[PDB]
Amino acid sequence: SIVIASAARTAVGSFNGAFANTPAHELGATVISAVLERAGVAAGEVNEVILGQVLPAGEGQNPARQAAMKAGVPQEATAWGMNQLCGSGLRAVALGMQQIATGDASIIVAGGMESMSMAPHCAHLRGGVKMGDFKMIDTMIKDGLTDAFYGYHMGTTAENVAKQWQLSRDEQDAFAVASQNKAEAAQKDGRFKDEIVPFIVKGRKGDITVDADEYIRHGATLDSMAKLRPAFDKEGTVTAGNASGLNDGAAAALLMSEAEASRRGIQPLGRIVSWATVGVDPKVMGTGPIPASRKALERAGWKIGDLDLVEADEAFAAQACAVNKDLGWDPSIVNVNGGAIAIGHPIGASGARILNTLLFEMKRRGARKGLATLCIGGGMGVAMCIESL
């Protein structure tokens, strides 16, 4: 039915890193033009662009639109943003598939973009503050990383799952390191060369080409890892190390019918066979990828053991472990090239980021059936099933 023609992600940038001053939509256009070029499709053939983005504050009117226009998609087309937090990137892909499945469109670009780096501070000041201190709110912490129900960090939900699945400091540390290593290796074997399209951070003192994931640490040791203090709970288990970071990035996918691809002689990066989204308690939102991964497989008629390759987003070691334990798929096919503890977690783009890494790596090893899935703040999961053609 619906296939992914092509895909691309920018490298994933460290917080205030290569993209410190690069507005999301600039990362997005690059990625739009990327899927386009790789597919042999002209921008004038794009009906719509759908982009997950949690933090567009201050970036001006509809950053999705801006990104599509800069990428050369004509004014005739349409563009919008959407927000299911860390699910946004993956969900945008599903919402775009559904544009084609309902016949409301023929060709969509979909994914996510996020500049956590560029997120402003804000305060409501219309009424006027008559007397006293007021807080300038970090929209990155407030609108993306803080649970609107208990008022604590996602980091706390992690701790929750930790004590609920009794995961030890070390057990999680072990997860992180393995991730860090798997990521470093993959990078060396050039396993990211394909999916990554380079971004030119144009300066005034000179242009800089970013085409490599700068968040991944080489020479990751469990022992400097073990030296870190917990980031949230004063006597907790979760650390800056066994948890993903704050990052800038973008990623997307050219969607069209399987029929359309044939006519254009395109070798699709895969076929979207199913998807699901499901909720759970906000206090353990990191469990979301479990009900979601099951409803998705259910809808596919796939058994947990049909999966050749999985991409379960590593929002946290504590929760990724929980996911892995509860569903119990073969960990050797889970995050073969390292997860987000190493690569980085650009909120609104993370879902499409892992989608790319799934698809290119599926191609790489000729795997038939893959899955990708992420946890979502507020208490949700999102998952998708892909099958090679």
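So that there is no doubt, residue numbering starts at 1 and follows the sequence shown.
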property: 245-253 versus 198-206 - greater average Cα B-factor per the deposited record; result: 198-206
property: Per the entry, higher mean C-alpha B factor between 96-104 and 216-224; result: 216-224
property: Residue of maximum C-alpha B factor among 275, 150, 134, 165, per deposited coordinates; result: 165
property: Maximum C-alpha temperature factor, selected from 233, 189, 114, 143; result: 233
property: Third of chain Cα B-factors occupied by residue 240; result: middle
property: Within-chain third of residue 320 by Cα B-factor, per the entry; result: highest
property: Residue 351 - which third its CA temperature factor falls in, relative to the rest of the chain; result: lowest
property: For residue 385, the third of its chain into which the C-alpha B factor falls; result: middle
property: Lowest, middle or highest third - CA B-factor, residue 41; result: middle
